[PDB]
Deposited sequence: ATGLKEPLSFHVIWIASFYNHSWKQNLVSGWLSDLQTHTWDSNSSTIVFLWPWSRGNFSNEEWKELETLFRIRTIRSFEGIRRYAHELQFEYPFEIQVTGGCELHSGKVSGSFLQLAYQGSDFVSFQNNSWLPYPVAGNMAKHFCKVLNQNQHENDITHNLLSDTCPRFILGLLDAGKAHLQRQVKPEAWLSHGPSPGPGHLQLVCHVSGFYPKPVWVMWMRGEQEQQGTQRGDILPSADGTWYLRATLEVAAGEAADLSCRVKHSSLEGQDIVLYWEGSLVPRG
């Protein structure tokens, strides 16, 4: 929900790093950072919001300065914090509105520290190094107040000119298509039937193998997977005894179909007929 920013900082050795930053509206990517130019890149025309051209330049300079001090601070205190190269630091921070806000940092892919109200606190399991890291992070209270204001002030502001300006994207309806295939891993004397569902948006979707009106509770639904065009994909499989795949159908329900379910039948060359 709403908006968050993610930061991927890879410290390969003391003299080599990589830095990736991107902004997300709900689950949609809306911005990227080009660290070559130190520029915020707008993936959609509406990802600017109503924010003035020059208000973005200030955010860019703040981002750019906070990044270079971040990489230098981490490398200065790496041995103090027992950070051994190579290591990765991930951050995600953002907000909601109506409401809520968050900012969390991981070291080597595990919870490390997070920002609560006005200061950084260590996750208890992260141990003494997380406490020592919070000493450096809480060095300057003014910098912390600025971090607070980005989460509780700037971030809801940003949705306020973004979710309205681009809900037309998040609320569009794109009908799925579906198709059937043979699954590659059946057990002996059995078949795996595969129902592919592709091209749908938004994400929520219903898919079941059926025998007429009877849902087949052996239907194993996969993860929903992304398509390059922003739509979603799902595979739903059913294991059946051979010959017992007669009268089976895959049924897809989706908001975009307005009750007109897609129904495909295990039939024709799939069976195969005579």
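Colleague: Which parts of the deposited sequence lack C-alpha coordinates?
Modeller: Residues lacking C-alpha coordinates: 1 to 7, 106 to 109.
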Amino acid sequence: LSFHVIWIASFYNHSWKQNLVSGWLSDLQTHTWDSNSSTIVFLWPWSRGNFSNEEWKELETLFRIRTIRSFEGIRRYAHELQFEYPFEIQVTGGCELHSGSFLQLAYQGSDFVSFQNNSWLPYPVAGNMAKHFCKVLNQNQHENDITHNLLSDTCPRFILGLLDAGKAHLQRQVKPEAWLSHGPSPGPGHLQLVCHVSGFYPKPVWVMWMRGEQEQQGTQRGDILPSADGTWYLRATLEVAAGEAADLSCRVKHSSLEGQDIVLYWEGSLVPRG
From here on, numbers count along this sequence of modelled residues.
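Just so we're on the same page, rigid core means the largest C-alpha set that superposes within 1.5 Å between forms.
Colleague: Between 217 to 225 and 242 to 250, which one shows the bigger average Cα displacement from this form in 5 other deposited structures of this protein once the rigid core is aligned?
Modeller: Evaluated in 5 other deposited structures of this protein, the stretch farther from the shown form is 242 to 250.
Colleague: Could you check whether 181 to 189 or 87 to 95 drifts more from the shown form in 5 other deposited structures of this protein, using RMS Cα distance once the core is superposed?
Modeller: Result of the core-fitted comparison in 5 other deposited structures of this protein: 181 to 189 deviates more.
Colleague: 156 to 164 versus 106 to 114: which one carries the higher mean Cα B factor per the record?
Modeller: According to the entry, 156 to 164 carries the higher average C-alpha B-factor.
Colleague: Which is higher on mean Cα B factor in this entry, 234 to 242 or 48 to 56?
Modeller: Comparing 48 to 56 with 234 to 242, the higher mean C-alpha B-factor belongs to 48 to 56.
Colleague: Highest CA temperature factor in the entry: which of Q214, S227, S249, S35?
Modeller: In this record, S35 carries the highest C-alpha B-factor of the candidates.
Colleague: Please pick out which of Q260, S255, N19, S15 has the largest Cα B-factor as recorded in the entry.
Modeller: So the option with the highest C-alpha B-factor is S15.
Colleague: Looking at the entry's B-factor column for C-alpha atoms only, identify whether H148 ranks in the lowest, middle or highest third of its chain.
Modeller: Within its chain, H148 is a middle-third residue by C-alpha B-factor, going by the deposited values.
Colleague: Which third, lowest, middle or highest, does the CA B-factor of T39 fall in along this chain?
Modeller: Highest third of the chain for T39's C-alpha B-factor.
Colleague: Please rank the C-alpha B-factors of the chain's modelled residues and tell me whether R221 sits in the lowest, middle or highest third.
Modeller: For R221, whose C-alpha B-factor we compare with every modelled residue in the chain, the answer is the lowest third.
Colleague: Based on the deposited C-alpha B factors for this chain, I'd like to know if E177 is in the lowest, middle or highest third.
Modeller: Its C-alpha B-factor belongs to the lowest third of this chain's values.
Colleague: Per the entry's values, where does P188 land by CA temperature factor relative to the rest of its chain, in the lowest, middle or highest third?
Modeller: Its C-alpha B-factor belongs to the highest third of this chain's values.
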